[PDB]
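Chemist: This is the structure I want to talk about, given as structure tokens.
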Amino acid sequence: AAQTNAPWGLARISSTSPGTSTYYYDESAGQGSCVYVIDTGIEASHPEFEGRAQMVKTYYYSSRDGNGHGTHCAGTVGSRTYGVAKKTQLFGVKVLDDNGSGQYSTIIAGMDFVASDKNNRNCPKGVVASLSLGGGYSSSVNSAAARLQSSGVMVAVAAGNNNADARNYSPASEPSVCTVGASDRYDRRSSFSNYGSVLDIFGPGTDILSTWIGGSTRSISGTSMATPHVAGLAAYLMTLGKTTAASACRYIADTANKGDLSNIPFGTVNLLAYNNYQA
């Protein structure tokens with residue numbers, strides 16, 4: 001399948017070169033997979049989600065996304081126009097308040113929630129969790145992400161936006177999950193992207209158009225935007241049967257575009273997420 005005039009990041013993940021604008025992908029499109037977006041919530045009524053999104057848990061007075069961040073990330077995973085995996089099922093877990101903040105204890109509870117809640121959902125092709133959040137190093141936060149991964153969920157986490165080594169941030173620094181840095185449309189490391197040996201992969205993160213609250217759209221930047229590209233890619237590849245939740249991060253690294261990014265510090269992987277789709 002071909003989506004013309006796609007957001008640059010979608011075109012990038014199906015291309016061996018920057019500078020194109022059509023997204024190519026297998027029409028299975030993540031059908032039968034599920035992606036949990038652990039964030040500020042999801043505006044499930046947005047026409048872009050087509051009834052495939054739902055809130056399943058909140059720790060606050062509402063499950064609605066009063067911020068936009070979680071809706072944007074969910075749109076990059078799975079919206080019809082802005083999403084990588086256009087037929088996946090999206091489940092929102094609101095661990096962040098409408099200012100975008102959350103206590104680590106709540107975030108940990110949300111991760112353990114997903115590890116159990118997947119057993120209440122129909123995801124025959126597999127389960128992914130997208131975590132566009134983080135703060136300073138916490139062994140307890142890292143352990144929660146490790147448990148979620150161990151339970152059979154492909155965990156993708158943001159590297160962080162400090163232009164610093166991600167070893168000092170959580171859950172970015174957890175070795176067993178997929179830690180995602182950000183790149184721009186010219187294949188440069190995004191100016192804010194964290195780096196370091198703990199990164200597994202880069203995805204598009206600068207000037208990413210996606211869904212927003214109020215039935216709208218906007219372009220924003222962050223490792224928060226790169227992470228759902230990778231989460232959606234994992235769901236798409238799992239639906240194709242090419243990999244599993246336990247092996248998808250490594251598979252994405254195996255099949256990435258290699259050595260094409262600029263300003264990658266010595267010792268950080270130079271790997272850009274790529275779907276290897278042959279139309």
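What follows is calculated from the coordinates using simple rules that are stated; it is not laboratory data. Positions of Cβ are generated from backbone atoms using ideal geometry, with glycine treated the same way; all protein chains shown enter the neighbour counts.
Chemist: Being without any contact (Cβ under 8 Å) to a residue 60 or more places away in the chain and either touching a helix residue (DSSP H, G or I) at 6+ places or on another chain (Cβ under 8 Å) or crowded, with 21+ Cβ neighbours inside 10 Å (or both) is the filter here; which residues of region 54-63 pass it?
Modeler: Looking only at region 54-63, we keep the residues that are without any contact (Cβ under 8 Å) to a residue 60 or more places away in the chain, and these are 54-55, 58-63.
Matches in region 54-63: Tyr59 only.
Chemist: Identify the residue in region 141-161 that is surrounded by 17 or more Cβ atoms within 10 Å (Cβ to Cβ) and part of a loop (DSSP other than H, G, I, E, B) and, among all such residues, is farthest from the chain's Cα centre (by Cα).
Modeler: Going through the qualifying residues, I end up with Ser151.
Chemist: Within the group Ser116, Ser138, which residue is of a type in the set (S, T, N, Q), over 19 Å from the mean Cα position of the chain (by Cα), buried (at least 18 other Cβ atoms within 10 Å of the Cβ) and over 21 Å from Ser247 (Cβ atoms)? So that I can check it myself, show each step before the final result.
Modeler: On the way: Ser116 fails: buried (at least 18 other Cβ atoms within 10 Å of the Cβ).
Just one listed residue meets the conditions, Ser138.
Chemist: Just give me the residues in region 165-223 being more than 25 Å from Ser138 (Cα to Cα), among the basic types (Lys, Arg) and out of contact with any strand residue (DSSP E or B) (no Cβ under 7 Å at 6 or more places or on another chain), in sequence order.
Modeler: Within region 165-223, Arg185 is the sole residue that qualifies.
Chemist: In region 100-121, which residue that is outside any helix (DSSP H, G or I) and in contact (Cβ under 8 Å) with a residue 12 or more places away in the chain is nearest to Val155 (Cα to Cα)?
Modeler: Within region 100-121, the first condition is being outside any helix (DSSP H, G or I), and the residues that meet it are 100-103, 121.
With in contact (Cβ under 8 Å) with a residue 12 or more places away in the chain added as a condition, the list becomes 100, 102, 121.
On the way: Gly100: 20, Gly102: 19, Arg121: 17 Å.
Checking each candidate, the answer is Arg121.
Chemist: Have a look at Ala246, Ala234, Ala253, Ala226 and point out the one that is farther than 18 Å from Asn162 by Cα, buried (at least 19 other Cβ atoms within 10 Å of the Cβ) and among the small types (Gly, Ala, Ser). It would help to see each step written out before you state the result.
Modeler: On the way: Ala246 fails: buried (at least 19 other Cβ atoms within 10 Å of the Cβ); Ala253 fails: buried (at least 19 other Cβ atoms within 10 Å of the Cβ); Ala226 fails: farther than 18 Å from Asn162 by Cα.
Exactly one residue qualifies, and that residue is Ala234.
Chemist: In the list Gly51, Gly41, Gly70, which residue meets the criterion of being assigned to a loop (DSSP other than H, G, I, E, B), in contact (Cβ under 8 Å) with a residue 24 or more places away in the chain and within 24 Å of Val127 (Cβ to Cβ)? Give the steps one after another, and end with the answer.
Modeler: Numbers: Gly51 fails: in contact (Cβ under 8 Å) with a residue 24 or more places away in the chain; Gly70 fails: assigned to a loop (DSSP other than H, G, I, E, B).
Unique residue meeting the criteria: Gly41.
Chemist: From the residues in region 26-53 that are closer than 27 Å to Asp260 by Cβ and crowded, with 24+ Cβ neighbours inside 10 Å, which one is nearest to the chain's Cα centre (by Cα)?
Modeler: Step by step, filter region 26-53, then rank; the result is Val35.
Chemist: Would you be able to say whether some residue in region 58-67 is out of contact with any strand residue (DSSP E or B) (no Cβ under 9 Å at 6 or more places or on another chain), over 24 Å from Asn5 (Cα atoms), small (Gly, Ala, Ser) and part of a helix (DSSP H, G or I)? If you could, list the steps in order and put the result at the bottom.
Modeler: To start, the set of residues in region 58-67 that are out of contact with any strand residue (DSSP E or B) (no Cβ under 9 Å at 6 or more places or on another chain) comprises 61, 66.
Among the residues that remain, those that are also over 24 Å from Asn5 (Cα atoms) are: 61, 66.
This time we only want the ones that are small (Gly, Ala, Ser), so: 66.
Going one step further and asking which of them are part of a helix (DSSP H, G or I), we end up with none.
Taking every residue of region 58-67 in turn, none turns out to be out of contact with any strand residue (DSSP E or B) (no Cβ under 9 Å at 6 or more places or on another chain), over 24 Å from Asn5 (Cα atoms), small (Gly, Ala, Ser) and part of a helix (DSSP H, G or I).
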